[PDB]
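Have a look at the structure below, then the notes.
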Amino acid sequence: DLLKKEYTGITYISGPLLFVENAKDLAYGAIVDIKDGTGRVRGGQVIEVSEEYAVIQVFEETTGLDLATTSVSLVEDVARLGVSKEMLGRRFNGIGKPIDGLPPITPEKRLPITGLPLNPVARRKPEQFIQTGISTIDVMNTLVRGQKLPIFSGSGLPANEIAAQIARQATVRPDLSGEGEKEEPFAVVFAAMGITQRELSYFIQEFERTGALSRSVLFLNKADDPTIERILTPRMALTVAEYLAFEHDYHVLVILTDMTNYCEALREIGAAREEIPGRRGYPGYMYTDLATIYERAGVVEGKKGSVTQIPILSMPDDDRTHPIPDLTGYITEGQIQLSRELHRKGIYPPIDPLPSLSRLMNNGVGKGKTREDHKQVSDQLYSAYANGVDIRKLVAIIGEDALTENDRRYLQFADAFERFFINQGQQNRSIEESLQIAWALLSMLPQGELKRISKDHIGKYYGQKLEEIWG
Amino acid sequence: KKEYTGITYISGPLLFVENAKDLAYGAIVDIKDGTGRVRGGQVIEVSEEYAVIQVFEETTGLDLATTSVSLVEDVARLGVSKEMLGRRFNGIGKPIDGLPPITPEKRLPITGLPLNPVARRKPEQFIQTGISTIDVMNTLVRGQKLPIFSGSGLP
Amino acid sequence: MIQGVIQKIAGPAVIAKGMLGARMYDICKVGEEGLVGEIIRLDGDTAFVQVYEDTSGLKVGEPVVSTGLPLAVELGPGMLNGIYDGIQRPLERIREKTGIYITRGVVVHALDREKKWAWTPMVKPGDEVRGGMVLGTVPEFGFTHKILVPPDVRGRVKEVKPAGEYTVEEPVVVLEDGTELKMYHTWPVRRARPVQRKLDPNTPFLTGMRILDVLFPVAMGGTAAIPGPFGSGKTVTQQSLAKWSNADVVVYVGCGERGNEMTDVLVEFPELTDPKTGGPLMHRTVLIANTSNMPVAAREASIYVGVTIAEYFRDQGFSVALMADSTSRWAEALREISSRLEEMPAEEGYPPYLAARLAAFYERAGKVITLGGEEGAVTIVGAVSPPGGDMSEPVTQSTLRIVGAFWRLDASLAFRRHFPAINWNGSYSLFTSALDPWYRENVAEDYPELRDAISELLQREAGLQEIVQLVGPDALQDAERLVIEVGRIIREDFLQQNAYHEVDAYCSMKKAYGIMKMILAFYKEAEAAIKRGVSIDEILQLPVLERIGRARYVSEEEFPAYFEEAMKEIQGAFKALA
Ligand SMILES: Nc1ncnc2c1ncn2[C@@H]1O[C@H](COP(=O)(O)OP(=O)(O)O)[C@@H](O)[C@H]1O
Ligand SMILES: [Mg+2]
C-alpha cells in the first residue's frame, strides 16, 4: 500500500521493550517507526503480536519517550534492504544509512535481511586452495574458498592484525592447479559490532594504505552506538555479500569483528523476554540464531561467485568451554586459536597449531592441487610437535640433564619449530617456501622415525639443512 | 460406572477435569476417547473446581469433545496369593507369561505400614550365596540390606 | 473438519482460537500460505500449534484448517537413491520448483507419480491375505521391492492385476470388502510398526574399523552411542560406517548439522562402489536432511521419519543401519519449544519427558521375525554433542543407561592427530560375550583368547602409567619398559587407522587377527629375550619393528604373503640376540 497508519495507546515502556494494545494489524517481524513528541523518529521491530497487544523492541535508546504523545507507524511488513552494485566504496551505519556524506543509494532490488536457506542439492564442494602467506595456516590448517574459518582470540592478542594481513596477502594459485588463469582480487565486506576507535582507525588506515577501499563495503556499529542495532548488522552484511557473489560473480571475503558483542546484545533481549537460559545465562536459542548467520557462506553449483567468512571473537578468560566459542566451534568448519604464551615470547603471529583445525583441508590439497606430499608432512609435523610438547612436561619433573638422547632431539625440534616456522613477521611466504622450511625442520629427526611419510617422498626431499635457508 | 466428561485442558502428561470432587486423592482412573481405546491415569490433585490427572502412555488421540474419565479404584491395591510362585508380571500386576490371571486370597495396598521398632529382633542367621568373596568375607545375614555398587560396563 | 483463526503469533508458535473438537498431534494448515503445523496443547476453545516453517510475515486473523490426521509418511517403491527433508519432501524437485533457495508453501509428493514399475503378482484370487504378507515383487536398483499388505488389513482377494507396468497409484489388488490395495501405504511416524517376535543378537555388525570391530563390538540388532566434543571425529566415523559396513540399506539422518556434510554425501557416493553388490553406493542409501538454519520444529520429525523408514525396510527382510548425526539438537529443539510453552523445566532447561522420548526412539531397534515370517534387523548408532565436552550432561547420562555399546571420544587424542581417537579407558561393549560362537567359527578358534590378551596388555600398560608420571620412564625395570613399549606399539599400529588413506580406510577381520598375532608373537619373543640377558635397548632397534609398523598399508589381497614373511622374520631376528 501507499497509506500510513499510526497507533496510539502505548501502555508500557521499560528497557528495550514497548507495548501497544490495538495494533493487531501489524504483521509479525514488521518494521515500525516510533515518533517522539519533539519530532524525533526511532526504529523498531515487532517480536510478538496478538489480538490483545503487540510487543516492539526499540533499536535506539528510550530517552524522551512518553505514554501521552508517542505514536507508532508501520513501515513495511518484512524487513528488507535496498541493494545495488554501486555501494562498493561506501560506508554505512549499523542500520544501513550512509555516514560518508554521499547521497543515498538507488536500489536495484529489495531483499529480505533474514535470507533463505541454501538448498543442499544446489551446493557444491569447496575445493579451491587459497594462499594466505602464513605457514601455520597454509601448511597445517589450509583455508579454501567458500569456508567459514573463525579466529579465536584473547583480550590483548593481535587478532585484528592477523585478519588485516590475511586480507592483504590472500590469493589463489591457478598455476599449481593448471588453469593458467589470472584472477581478480576479493571484494571485502566489513561488519563492525561494538568496535572501538582504536581498532577502527587501524582498520581504516590499513585499508587506505593497501588501496582496498574501492572494493569494500563497510557496516560500522561503534561502541557508543545503541546496543540493539547489533542484531541487524550481520544480516545486512551477509545479504549484500550474497547478492554480490551470486548475482555478479564476485569473490567476496566477509570479516565480522566481534561476535561476543553480538551475543551480549542477544542475551539482553533474551533476558528482557524471560526466555529459558542455557549455560551461563545465554538464551536457549542462541545456537539457531548463530547458525542463521554462519551458514550463509559457501559455493553454489553453476555459478562463479563465492563467499568466504573470517569471523573474529574473543574468548572470555581464554576459556575454550565458554558457550560462545563452544557453539561457534560446533557450527563452523574449524578455527584458528591464538596462544598467549607464544605472544609473551615475542612470536608473531602467535598461532597455536594443536587446538587449530581446518575441516575442508583434504579437499583443496594433494596431487595436482598444491603438491603430492602436503598432507603427510602436515601429519608428521603435528605428531613431532606433540611429542616435543609432551617431553617439555617430563623435563619439569626430572630435569633436562637426565633425558635420553632421543628426547633431546624432540625438545630441540620443538624449540626450532616455534622459533622458525611459526615466527615469520610480516613477510609473505609462498607455499613452496613453507614446505621447504617444513622439510628442513623434519631433517633434524632420524629418517626411521618418520612413520607417517611414505619412503618415496623421504627419498626425494629429506636431508636439507636449515642453515641453507637462513644463511 | 459414573463418567466425567468435563475435560477443559490437555497438555503433555496432565489433563484437567471439572466437577470431579468425588475422586479421592491418589485414585486410579480410566481415560476413554472416541476410538474406544482405554488408557490409565492417576489423580495427583483434587480441588473444589477441578481435579488433575497424570496420564499413563501417550495422549495422541485425545480431544476435549469426546474424552471421558471413569473411576477404577480409590487406593492402588494388589491381589496376592501363593499361586504367584512361577509367574511373571509387567510391574502393575498384569501377567505377561500367557497364563490365566491368579485368583486373589487378599487385596493389599501397595504402600506398606512401617514396622514397630519394638517388634523387631536382631538378625542372627546367614544365607549361602555360593560366591566365595561374599560368603567368606562379606557374609549376608538374614534380614540385612546389602547393596551392590557397580559401574556402567560391569556385569 | 474444524476451522479456526489465528489469535497470537510468537516465533515458531501459533495459538488459534475456535478450535473446539481438534485432537492432539494432528496436522494443521496455518495461514493463507498453508504452512504445516501440529497441535501440542488444547485449552478450552483454543489450540497451541507449532509450525514446521518460518512464521515471518503472518498476521493475526488468518484461517487455520485441521486435517484430522497425525503426521504420516508414504512407504513404497522409489525411496532409494534420494534425499528428503524433515517432513519427507524431495529436495531435488524443490530444486526445480524454486531456485537455489528453499521457500515456504511448496507441496510435493514423496513418491514420484509418473514413473512406471514392472509389477509381478504372487497372490491369486480366493487367497486369504493378512497384515505383513507380500502381494508382489517390483525390481529397484538390483533389489527386489516386495509390496506389503498394511499391518492392520485383513480380507480375501477378489481380483489382481496381471503382469505389466503401472504407477504407484494404480490399485493392483482389490479385496472382497471393497478396499483397494495400492503400491504404497501411509503410516504414522509415532507408532512402532508391529512384529511377530524379537530375537537375541548373535551376528556382529562389521564396521571396517579395527578398534570398533575387535575391542568394542556391536551386534546386528544392537545400539551404540558415540559422544565427544567438537572436532573429535563423530561425523567422519559415521560416514565411514555408511561407506564400509555390511548393511543392506543405510539410512542417514542429518538432524541439525552442516549442509556441506550432506553435499559431500550427495557428490561422492554415486562414484563409490557398493561392497556386497558392486553397483553404485548411493543406490542403497536414503538421506534425510534438516540443516542448522532450517526451521527448528522439524528436527524431531526428521528423526521419526528416519526411524519409520528404517523399520519399513526391516519388514522386507533386509538388515538396515540407521545413523543419527546429532541427537542433542533434538533436545535443544524440545527445550526451545518448552520455552514457548511456559512449562516447568528439568535440570538444564530440558522438558521432563526427554528421557521417555529418547528411550522410545532407541527401543525401536533389534532383530525380529517379521509379520510375513522373514527375518530382519535394525541397528542404531547415535551421536551426542555435549556442551564443552561435559559428559555429565542429562542427554549423555540418559543415553548411557539404554545403549549396549559406548564409544567415547577424547579431545586430547584429536589434538595430536591420533584418530579415530577412541578413549579406551572410558569405552565398553556388552555384546562381546554373545558373539564368541560366531567369531570362533568365522575367524579363528583362538581369536577371543588373542583379544583378551590384547586387553590384558592394555590394562597392564594403563596400570604402569601412574609410576611413569611419578618417577619418569627410566626408573622402571626392563620387564616393565617392555610392557610400556609394547603398549605404545599397539597404540600406534593396531588402534590407529586413517579414514582417508587409499588402503587403510577398510580392514577385514582376518587382517586385524594377523596383526594381533604378529604383535603377540613379538611380545612373547621379547619377554623371553629379557630373561636371557639382553638389554631392552638392543631389542627395540630390530628392523622387524618397521615390518610390523607398516602392515597397515598392505593391501587385503597382498596381506597373506606379508604375514607369512613377517612371522618367519620374527624368529629369524630374535634368535641372533644371545
Ligand atoms: N579416522 C580419521 N582419519 C583421519 N582424519 C580424521 C578421522 N576422524 C576425524 N578426522 C579429522 O578430524 C576432523 C573432525 O571433523 P568432524 O568429524 O567433521 O567434526 P565433529 O567430529 O566435530 O562432528 C575432520 O576434519 C577430519 O579431518
Ligand atoms: Mg559433525
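Ligands are numbered from 1 in the order shown, chains are lettered A, B, ... in the order of the C-alpha cells, and residues start at 1 in each chain.
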Task: Protein and nucleic residues near ligand 1, 9 Å, only C-alpha atoms and all ligand atoms, as an NGL selection string - done: (:A and (329-331 or 333-334 or 357-362)) or (:C and (209 or 228-238 or 240 or 257 or 261 or 325-326 or 383 or 385 or 414 or 417-421 or 496-501 or 505))
Open item on the list: Give me, as a ChimeraX atom specification, the residues of chain C touching chain B, with the criterion being at most 10 Å (counting only C-alpha atoms).
Closed with: /C:20-26,39-48,69-70,190,341,343,353,400-401,404-406,426-430
- [ ] Kindly determine which residues of chain C lie within 7 Å of chain A, considering only C-alpha atoms, and give the answer as JSON, numbers by chain.
- [x] {"C": [7, 8, 9, 10, 56, 57, 58, 59, 60, 91, 92, 100, 101, 102, 230, 259, 262, 263, 264, 292, 293, 294, 336, 339, 349, 387, 388, 415, 416, 417, 472]}
Output C-alpha atoms for every residue in the selection just made, as a JSON list (two decimals), in the first residue's frame.
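So again.json came out as:
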```
[["chain", "number", "residue", "atom", "x", "y", "z"],
["C", 7, "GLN", "CA", -5.05, -15.44, 17.86],
["C", 8, "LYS", "CA", -1.36, -14.99, 18.70],
["C", 9, "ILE", "CA", 1.95, -15.32, 16.85],
["C", 10, "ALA", "CA", 5.29, -15.62, 18.64],
["C", 56, "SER", "CA", 7.65, -14.28, 9.47],
["C", 57, "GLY", "CA", 5.05, -12.17, 7.71],
["C", 58, "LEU", "CA", 1.99, -13.83, 9.23],
["C", 59, "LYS", "CA", -0.84, -11.67, 10.58],
["C", 60, "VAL", "CA", -3.50, -12.18, 13.23],
["C", 91, "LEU", "CA", 14.66, -31.74, -2.33],
["C", 92, "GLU", "CA", 15.54, -32.49, -5.97],
["C", 100, "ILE", "CA", 18.79, -22.24, -5.16],
["C", 101, "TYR", "CA", 16.90, -21.20, -2.01],
["C", 102, "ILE", "CA", 14.22, -23.10, -0.09],
["C", 230, "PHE", "CA", 33.54, -30.66, 18.51],
["C", 259, "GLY", "CA", 24.90, -28.67, 4.82],
["C", 262, "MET", "CA", 25.20, -33.63, 3.12],
["C", 263, "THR", "CA", 26.69, -32.13, -0.06],
["C", 264, "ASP", "CA", 29.73, -34.40, 0.32],
["C", 292, "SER", "CA", 21.02, -25.94, 11.15],
["C", 293, "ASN", "CA", 19.35, -22.92, 9.52],
["C", 294, "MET", "CA", 16.20, -24.90, 8.69],
["C", 336, "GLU", "CA", 13.13, -24.16, 22.63],
["C", 339, "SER", "CA", 10.31, -22.15, 26.46],
["C", 349, "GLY", "CA", 16.05, -26.44, 30.97],
["C", 387, "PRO", "CA", 28.33, -28.69, 25.65],
["C", 388, "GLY", "CA", 32.04, -28.14, 26.16],
["C", 415, "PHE", "CA", 44.73, -32.57, 19.28],
["C", 416, "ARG", "CA", 47.76, -34.72, 18.41],
["C", 417, "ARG", "CA", 46.04, -36.06, 15.26],
["C", 472, "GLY", "CA", 59.96, -40.91, 34.94]]
```
Open item on the list: Just to confirm, what's the straight-line distance from CA of residue 308 (chain C) to CA of residue 375 (chain C) in Å (one decimal)?
Closed with: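 Computed distance, CA of residue 308 (chain C) to CA of residue 375 (chain C), equals 17.4 Å.
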Task: Within 9 Å of region 79-92 of chain B using only C-alpha atoms, minus same-chain residues under 4 positions, as a ChimeraX atom specification - done: /B:96-97,99,102-108
Open item on the list: Would you compute the distance between CA of residue 313 (chain A) and CA of residue 261 (chain A)? Give it in Å to one decimal.
Closed with: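 We find that CA of residue 313 (chain A) and CA of residue 261 (chain A) lie 8.8 Å from each other.
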- [ ] Go through B:123, B:128, B:139, B:67 and flag the residue nearest residue 35 (chain B), using only C-alpha atoms for the distances.
- [x] B:67
- [ ] Rank nothing, just name the residue among C:365, C:320, C:566, C:255 nearest to ligand 2, using only C-alpha atoms and all ligand atoms.
- [x]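 That would be C:255, the residue with the smallest distance to ligand 2.
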Open item on the list: For the strand (DSSP E) assignment from backbone DSSP, which residues of chain B qualify? Please present them as a PyMOL selection string.
Closed with: chain B and resi 3-4+7-11+14-18+28-32+38-46+50-55+68-73+77-80+106-109+126-127+140-141
